[PDB]
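For reference, the structure is listed below as structure tokens.
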6 protein chains.
Amino acid sequence: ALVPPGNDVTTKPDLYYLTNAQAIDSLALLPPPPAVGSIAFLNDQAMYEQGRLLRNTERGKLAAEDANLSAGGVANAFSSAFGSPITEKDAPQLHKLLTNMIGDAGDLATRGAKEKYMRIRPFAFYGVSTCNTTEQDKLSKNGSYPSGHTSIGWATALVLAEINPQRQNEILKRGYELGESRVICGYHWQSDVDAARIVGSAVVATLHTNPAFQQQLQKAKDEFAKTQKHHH
Amino acid sequence: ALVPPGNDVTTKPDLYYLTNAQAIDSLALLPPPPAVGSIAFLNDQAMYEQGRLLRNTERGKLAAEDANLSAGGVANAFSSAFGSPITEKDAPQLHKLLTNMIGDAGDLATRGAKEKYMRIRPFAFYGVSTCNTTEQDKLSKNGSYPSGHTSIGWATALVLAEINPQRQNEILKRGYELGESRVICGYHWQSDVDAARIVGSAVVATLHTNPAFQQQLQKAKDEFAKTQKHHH
Amino acid sequence: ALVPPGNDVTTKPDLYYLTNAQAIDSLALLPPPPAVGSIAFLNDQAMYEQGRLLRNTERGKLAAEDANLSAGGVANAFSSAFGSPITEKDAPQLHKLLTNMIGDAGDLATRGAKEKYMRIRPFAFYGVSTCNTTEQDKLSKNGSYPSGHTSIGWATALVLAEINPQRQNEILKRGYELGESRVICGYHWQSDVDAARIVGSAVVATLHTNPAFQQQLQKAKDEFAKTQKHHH
Amino acid sequence: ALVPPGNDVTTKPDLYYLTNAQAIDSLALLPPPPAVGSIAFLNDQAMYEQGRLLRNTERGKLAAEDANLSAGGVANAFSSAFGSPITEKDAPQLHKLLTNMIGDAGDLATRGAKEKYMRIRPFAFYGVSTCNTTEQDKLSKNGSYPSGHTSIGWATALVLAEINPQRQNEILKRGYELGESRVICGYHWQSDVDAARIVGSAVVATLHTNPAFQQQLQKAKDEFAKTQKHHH
Amino acid sequence: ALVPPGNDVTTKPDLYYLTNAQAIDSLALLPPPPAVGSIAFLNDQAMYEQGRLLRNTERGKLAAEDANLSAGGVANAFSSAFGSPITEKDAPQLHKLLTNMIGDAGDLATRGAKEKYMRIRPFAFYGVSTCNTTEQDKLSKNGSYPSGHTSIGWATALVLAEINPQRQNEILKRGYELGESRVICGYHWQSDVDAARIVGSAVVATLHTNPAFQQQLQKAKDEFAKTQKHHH
Amino acid sequence: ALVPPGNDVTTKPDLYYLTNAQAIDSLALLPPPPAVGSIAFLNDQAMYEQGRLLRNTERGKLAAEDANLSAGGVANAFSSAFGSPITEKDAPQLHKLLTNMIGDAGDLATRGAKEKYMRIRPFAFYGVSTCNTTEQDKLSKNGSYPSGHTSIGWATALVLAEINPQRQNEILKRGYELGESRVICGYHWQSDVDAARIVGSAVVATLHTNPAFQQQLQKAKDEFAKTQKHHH
């Protein structure tokens, strides 16, 4: 399947490295989302309910904070796991790298499947708010599958793990948990998040073929090497 | 968690690029497998039954053939998706690359979780054979979660997609289907395969930090560029 | 959808009143059967298990006897419910009527859906025998949905109820139970039987438009009126 | 079981052909409705949820319109499927026929089971409105099983199919979909609708034994034959 | 496990016979409550829904009345089952006996498990009221497992059955139904009530070892013997 | 309901303290067992499968050993939990006490419900052996609900806890686990065991009203007091 019309490197070069033609064929790659009446969807509902009961815990507080993140806030959200600030102030080359792949992982890697299924999101299915909003706030009710935010989270984790392998496990756990936070908060079904990690991993392979990404990745690594020297 | 004792680059340099210390912490990263009595496991059983009914179709024939693959046969199993033979004969540098990461993706990336849960495999749970064996053949009954073979399949797909981005979607679909073949054949539960793609993607990030992998990857790309020239 | 190729009144005028062109479009009318992984199929399995536990009861004995019936034996199987023998000996016009619609209800009304889904039957799904057979006996393993026998049973009940309205409820219960006997015995899933009653009822409407059926139905009614006179 | 007290041909000869004594014994014929805690009811809930998500589609719009139909509006609701207007204006004999069996199919054929189980309807179970009402509108909350409207729909379809066999499949599909519209809108559980088609088919057999129905049916057929001549 | 801090005979000698050290180790004895995503919890939800539909029946009226009972009202709630008034007026020794074990059965026997799991109660899980309250009334939302009230109910039943064995079955049924009333009203999950009867039975064994309980029990029996003489 | 015909103190005074008239009305007290198609039974099956996977663990070994116990072996099976040998050699009065209530707890307390439902046992439902038998050994296939052995186990635990309150929690855990061993081994469904603890607790109340039991219980306590003196 061809990717549906949309933005890419030719329209937003600061948010995408890749063209529409280079997008992961998410529609062809991913299975369909669980249908109502499937055991798989019943499990999605179980994870929704589990998540809902976690909202009033420390993990729930983290989930609400994670759910407040825009696509652009994902990079900085890895700071503690990464071991140093991922900010425009402290790590401009790294922050530029991660910001510039937001569109590739969040949009291009998800668009085909997103637009085909236009899956209803949990909060909308139940007719309630999410963990970090009331009904005075407005969120898109559909396009749940796969999760763009989660795809960005996982893709970002994989790139960050390559830059700082000494904390790869902390980084990967953090990337994983960004996805789970969206399940806890009612933004996405578990299956949206599961599917997102597939396409999120796929787009990172594509990005490794892209000269601009390769260059910027090296700059981020060079920058990190200096950050390490000054810390030690 | 520390990776359990086992082989790595120091014992089998032809099958691993990475050391035990560089292994993905699969125990910490992955959730536990579905427990008996969970909706998640009921879905695993649904996928097992679905798979079982697919055994007598063309897709089932492919599943049985895929299930015959050893870890070393995975590389060549991508040939049609890749668009050219992945063999020692035709693409020695590529075949060497993919073979040398078998241990990293199949063993190191799965070992912690595998040994902790020692999960019973579907055929053993049901007391039956798999789609490609009778009970005269003997298979390990446990260590199901996550699937080592599937981790190799997905990691290999991600690397191959980077080498030949023009067929990234065919490659990724093939890598995905190697996992699903194991579900169809009764070797693994769906959740084993899902979990395997997480760690399979994670190890590819680690591999990108490894000088030997980086060098061999470039050799594979150089080789592929020549393969393209001679085909065109 | 057009009915698949097969027999009709032009090839077997003793077993069908209707032509292929007059067949109920079972493929278009019926929903698909429950898929593995659906709650609907889980219920089919519940009814299978319920049925299995009923096999060693009086109702189970009746189910095994009902399961021994060929399409041609259905007419006579209504005798007790009807209140008098439905035999070639005692009620030739009635027996002729009911026999001559076997193909219409059993084949024409089911063929499209049967051949499209080729659904696996319960005993085959579980790899076991039915309640009235061992594995030395051989039955078709597929084409479960909808049940031809059940369609004949229900269509026959509706026709019989019209002929003897004084025992319509006994007749209808009997027709219903012929379907349930097949669920108890493992020949069909509950949903096969449910679907069969839809098309079974539909074909009876078609039959009422057919001159030969209309004539033979009247002969059966005339015959029954005489049977009543001689009994009273 | 005897039919509970109520109207019949002796009290409302314009809405029933049949007497209370001629009613289908719905209590004896039908199984009980799914109990809370059964897999069958879990499936009813799945179909309710599926239906709910369909409310904002073209099929949902049709469902809301179908749900607006009173028993008397069912006849006309078949017009497009039938191929010509089923109205008092254009087809008075046909409209009279179908109107006069409303009580037989909607009431007599359902009353025993309806009054025994007094089953709670979906919207009432969930404490919400239906797809075509707000809570300012008031509907009966119980007597869900079986669906009277659906029984009328299916009985009407079977009669209409006999009158116009050339469009029997369109007619039958329409009759089927009237039932499904009630599931989509939250008026009835799937099982209410399934059960309704059983008794709906049963009552049509009884109606064929009734002189007044037979006469009026012939008038409807004669009328239709003239309608065909003037169209062609 | 040690019982968590709290009241016992040393602080409230009118409500407990036993010390903290004599408490049933409810945490060690009971399994954990069903987790969200378990079949066991799905059944708890089924019983909740079943209960909810029973609220508008005679049994529901009894459930609401039972749900109004405080721990101190349990004794008197057995009067009809016991065959004579269990009141301070009519049976002071009996009423004293049963009141004085409220803490032992309601608190000591449940505290360890209660405080460990702090399980959310049904009404709180669903965000609704119970059968006998509106949201203007306030109830604790957690500590559901096991049910203290049910433990008191069952322990009280076992003691009462010993005092009046001629009505042991009526008494035991009543004690059982006090638990079920809490399920019907939405105060507790079925599993809370099931677990409560385990610890409720356990504490009665402990109470039989306690001199003060033994003495008061004998006084209650002596009193009952006089009650029987005056009735006869 | 009256207890069905059978043995009691008048026929087997060494195995029962109580008469048929003193039996717990198990049919009236207990709910019916889960029906096939209920969520409750699906959970029973989950516990069966969970149990089956535990058979090859240390807990499974204990389960098989527990499953080897006859009713008469239950008393001695508490020895480790009790803290001293419960044998005819070492504690004749105690062993006599516990043996003499086998019929009361195992038979009288279960008979009504057992004979009414004649519930099929797990191993028979699945057509397999239990954890401690092959098919050369023969076990009763029905009468599963409630578990007589489990009722004896729990009743015995409650009596033992009264005799040695210092180890009440170890004793109660042991009694509980005797029930769970039967679930693990495939002798009983979880619900059989749950129900057994209800009637097991009930019969202990009745036993406390019986002079012979009271006397023998005191002898067991006197004996235990001497056992304690000689140990210390």
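If you're wondering about the labels, chains in the structure tokens are A, B, ... by order shown, residues count from 1 in each chain, ligands from 1 in order shown.
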Env of region 81-96 of chain C: 6 Å cut, atoms = only C-alpha atoms, seq-sep filter 5 positions within chain, self excluded. Answer as JSON, numbers by chain.
{"C": [76, 170, 171, 220]}
Taking only residues of chain A that have an atom at most 7 Å from an atom of chain E, what is each one's shortest atom pair and its distance in Å to one decimal, using only C-alpha atoms, in chain and number order, as CSV?
```
residue,atom,partner,partner_atom,distance
A:43,CA,E:37,CA,6.9
A:46,CA,E:37,CA,4.9
A:50,CA,E:36,CA,5.8
```
Can you pull out the residues contacting residue 127 (chain C)? Cut-off 12 Å, using only C-alpha atoms, and skip same-chain residues under 3 positions away; I want them as a list in words.
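Residues near the query, excluding close chain neighbours: residues 52, 53 and 128 of chain B; 120, 121, 122, 123, 124, 130, 134, 135, 141 and 186 of chain C.
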List the neighbours of region 155-159 of chain A out to 7 Å using only C-alpha atoms; skip same-chain residues closer than 3 positions along the sequence, and give me the result as an NGL selection string.
(:A and (98 or 105 or 151-152 or 162-163 or 171-172 or 175 or 200-201 or 204)) or (:B and (202 or 205))
Could you state the separation of CA of residue 207 (chain C) and CA of residue 179 (chain C) in Å, given to one decimal place?
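Pair CA of residue 207 (chain C) / CA of residue 179 (chain C) returns 21.0 Å.
Across C:100, C:79, C:132, C:70, the tightest approach to residue 8 (chain C) is made by C:100 when counting only C-alpha atoms.
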I'd like to know which of C:212, C:193, C:139, C:131 is closest to residue 33 (chain C), using only C-alpha atoms.
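Looking at the shortest contact to residue 33 (chain C), the residue is C:193.
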Shell of 7 Å around region 20-31 of chain C, only C-alpha atoms, local chain residues under 2 positions omitted, as an MDAnalysis selection string
(chainID C and resid 1 3 8 18 33 108:110 112:113 195 199 202:203) or (chainID D and resid 169 173)
When you look at residue 145 (chain C) with a cut-off of 6 Å (counting only C-alpha atoms), what residues show up, excluding the ones that are within fewer than 6 positions of it in the same chain? I need them as a PDB file with N, CA, C and O atoms, in the first residue's frame.
```
ATOM      1  N   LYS C 114     -21.928 -22.616   2.552  1.00  0.00           N
ATOM      2  CA  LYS C 114     -21.152 -23.835   2.801  1.00  0.00           C
ATOM      3  C   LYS C 114     -19.817 -23.814   2.080  1.00  0.00           C
ATOM      4  O   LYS C 114     -18.767 -24.017   2.692  1.00  0.00           O
ATOM      5  N   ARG C 119     -16.356 -24.460   6.637  1.00  0.00           N
ATOM      6  CA  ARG C 119     -16.044 -24.413   8.049  1.00  0.00           C
ATOM      7  C   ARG C 119     -15.771 -25.799   8.606  1.00  0.00           C
ATOM      8  O   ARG C 119     -16.479 -26.753   8.292  1.00  0.00           O
ATOM      9  N   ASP C 192     -23.801 -23.020  13.399  1.00  0.00           N
ATOM     10  CA  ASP C 192     -24.183 -23.716  12.154  1.00  0.00           C
ATOM     11  C   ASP C 192     -25.678 -23.987  12.131  1.00  0.00           C
ATOM     12  O   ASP C 192     -26.344 -23.854  11.101  1.00  0.00           O
TER      13      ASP C 192
END
```
